[PDB]
Structure formats: structure tokens, C-alpha cells
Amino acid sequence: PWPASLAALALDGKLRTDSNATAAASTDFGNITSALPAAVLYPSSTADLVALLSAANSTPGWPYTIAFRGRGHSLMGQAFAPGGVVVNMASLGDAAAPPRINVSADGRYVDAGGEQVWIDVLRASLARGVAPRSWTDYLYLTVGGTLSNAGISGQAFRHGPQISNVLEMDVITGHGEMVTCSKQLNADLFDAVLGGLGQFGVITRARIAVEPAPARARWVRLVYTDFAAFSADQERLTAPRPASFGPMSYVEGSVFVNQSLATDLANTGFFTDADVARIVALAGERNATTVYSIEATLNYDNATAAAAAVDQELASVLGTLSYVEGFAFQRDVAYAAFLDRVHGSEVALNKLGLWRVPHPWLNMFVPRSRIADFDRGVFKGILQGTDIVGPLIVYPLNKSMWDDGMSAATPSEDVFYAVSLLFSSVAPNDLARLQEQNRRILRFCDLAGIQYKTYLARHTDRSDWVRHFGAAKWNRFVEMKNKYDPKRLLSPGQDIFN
């Protein structure tokens, strides 16, 4: 027997069971795993989400698991509800009125629907001359989606991840209750949801911190053949100064294996063919099996003197660095063009049919004390003699900017690196080889005693999830699961309680 509000959803054609609806909600960006749901919900308002969740909590013996599909950018089925209900979150922003993105009157924050995509949040913010401070590398992800993970890019060293830039949220819990939460009101829910992997409820609104919007970004790449010099410089650029950070707005890095050096440098979309030839020659002179590049930006406004001031600030910063003499490469773009840089890769890759392919990506957080060991064992070790398709990204993060009371798991050290090995599969023989190579990398780390944390991955064993969060932090995670999703129906694709 169905409650009136739940039956109303089916009657209005919002709760779909057809082949076309279930098939779209059964695959993800990973393109490795699949699971068909029993039903797909297309909510028109947040009231439709209250209906589904309150029914689930009131109905005894309710057998349907519920997932919240943002953009389905998940790698391993985290957004699926096998034989359950998939919420097509994007349907919340169908009606042009009322707007789902609203910049505050004071210009200090932006209210965004949980289903909203970061690219839309950027356009609506820029219209009011402001912008969020902390991003993801790719903008076609949802607010609620990135917030359930962490949300990291080159700005996270100084502003913390996206989870550290939220004032408050509207969350519909597993009980079906609409709860507004922050550090002052319902803090236990607020902390649980942020990096909470969709286990405690659905985010319908997030209040995101903004800053005055810069007009342009001076964008630089610095080349190294020495890992010690590369990592020391990334740490110098991101070091807290005697809370306070240096002049750089964004700091990331790239690893290039010698075998496909020329191809991979050309595929950055940054280097010219003249730059590529110089770097390839440098590699050969140094007899390097790997090349490294720091990617950094300096944000600046439309001011008349700004460009000349940027040249002097950049010259000063570069003078403190140890990249190979004369291997500094500069570009100058509009801020939105820099932020949306990755969308261009999606368009080109999809047209070649190389976007909707398996993505056995390896993403982890490695403590700073073990990064050189990771470089030897992985970049100069395991990965050598293999044909790599996709970028290899490495950059440091400051633990002081992460809130350990939140759900997201990080290493114990003050400095840790985001390590993102973004492999794209070329054939089924290549998929199995890549999946085995990831197991080998993790086995190498475990045997070397490297205390890493995975990011964007879902564990299949209970002992692995307990090690992920840490035993004490696991106890709080369970305490919160019992308070907000006692029936254990939310985001079953994480394989934590399902």
C-alpha cells in the first residue's frame, strides 16, 4: 500500500519505470560497472523528494534503495540504486521560475540548488561580479555531488576544498524531514553530509562562499626533470606564511612519462610545438625517464596597471623557484576561460569517441613524507614501459584548511598530495591491464607502509571502509547513519552499509 503523496508522483508521471528511464540511470562516467534501478524519480520541486523519503521511512518493510543522480560522473556505480529508485536530481531545475541560483544582496555568498552544475553557478555569480573561491578542475558536476565527496582543484591549498566553503545547507534526511543546517544549527548533520558520500540525506540547497570576481588569470607552466626540485617548489608556492598564503591563486602539477612525452605535452593544450621540441630535447640531455610541470595562476582585475603589476609579482615569485633555467611558459586568459579549460577536452574526446570509454581512474591523497617514495615506485617504476592515455596530476594540499570533523577522510600529515592518475581505456585488454595496474599501485603503497586515503573510490569490504575513515571517525559515521538513514536506503552504490 502506497501513501497518497507517493501515489501522486506516479500519477503525475514523475515516477517512471520504462526501459528508457531505467537505462539512463544504470550507467556512469566510469563506464565499468552497471546496475538497473526498479524506478527513476524526476522531481519538479523539493516537496516531491519529501514525499519519496517520508514514504520510505513510514512504509514498513520498504525494499527500495534511493540514489541521487547529479550528473553521474561517479567512476564505480556510486550513483546507482540496484533494483531501487534513482532520483534524477537535474529535474529540480526544470522550471525557469523560481531561479535555482541566487547571489546574496550583500554579494558575500551564492545560494545554489543541490542539483545545479558548477558551470551555471559560475555564470550566475559572474553576472553579480562575484565567484566561488574553491573549484573542481571540470565544471560540469553538481553542487551536491562534489559536496558529498570534497571538491578539489588548484585553489584548495589556500581556501580548502569545496566542503570548507559552505555556510549552510538544506538537507532532506532519510526520515523525509527538510532540515536547514550549519556550524550553529544542526551541526552534526552539516558535518556528516559534507564528504558524506550521499549517506545521510539529499542536499537541496548549499550556501557557497564567494569572493569579488577577478577578470583575468596569468597562467604559467614551469618544467623540471628533478622530482625533488618539482615537489620542493610546489610546497614553497603553497606554504602558509607567518592562515595566510603566498601570491599564487592556483597550484597544480603534471607528471609526464618519457615514452609518450611529446604526445602528452602537445595534448596539454598549453604548449606550442616549439615548446614541446625544447622539453623533449631537455629530457634527452638529462636522460630523464619522467618530466614534471608545475601549473600555476595569478588572478588579477581589469585595472590599467594590473598587467604591469602582475609581471613584477610573477617575476618576484619565479625568482624564488628552481625550474630548469628558461623553462617558464606563460599564457594570459579571462578567468571564466581558465575555469572552464577542461570542457574543451570533453568536446574533443567525445567527437573522437574517447570520452564515453572506461575510466579506471586512480585518485588518492598521499602524505608529503612519502611522496618521493611514491614517485620512485610509481612514476619511475610501475608506469614505465606502459602506453599512458590521460593526464597524471600531482599537487600538495594543506591539512589546516580541511575540517576533520566533516565526513571526508584525509592523511594525518600537515601536507598531503592529491594524486590523480586519469587513465582512459583503449581496448578490453587495456581495461583489465589498467585495473590490475591500479591494484599493483595500491599493493606497492600498502607494502611500503604509505598511509594514503583514496578519493572518489568505493570500497567493497567493511574492513576497508573502517580503515578509510579511521576507527574513531567510523564510529561517528555509523552514529550519524543511524540518526539520518536508519533504514540504510541512501546511496547504496558506495557499498558502505549496502
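The first residue of the shown sequence is 1; numbering continues from there.
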| item | value |
| --- | --- |
| Residue 243 preceded by how many uncoordinated deposited residues after residue 242 | 4 to 9 |
| Mean C-alpha B-factor comparison - 55 to 63 and 462 to 470, higher one | 55 to 63 |
| 32 to 40 versus 437 to 445 - greater average Cα B-factor per the deposited record | 32 to 40 |
| Highest recorded Cα temperature factor - choice among 237, 406, 209, 427 | 427 |
| Candidate residues 273, 311, 373, 325, the one whose C-alpha B factor the record puts highest | 311 |
| Residue 216 CA temperature factor, ranked by third within the chain | middle |
| B-factor third for the C-alpha atom of residue 417 within its chain | lowest |
| CA B-factor placement of residue 194, once the chain's modelled residues are sorted into thirds | middle |
| Record-listed C-alpha B factor of residue 356: chain third | highest |
| Chain-relative CA temperature factor third for residue 171 | middle |
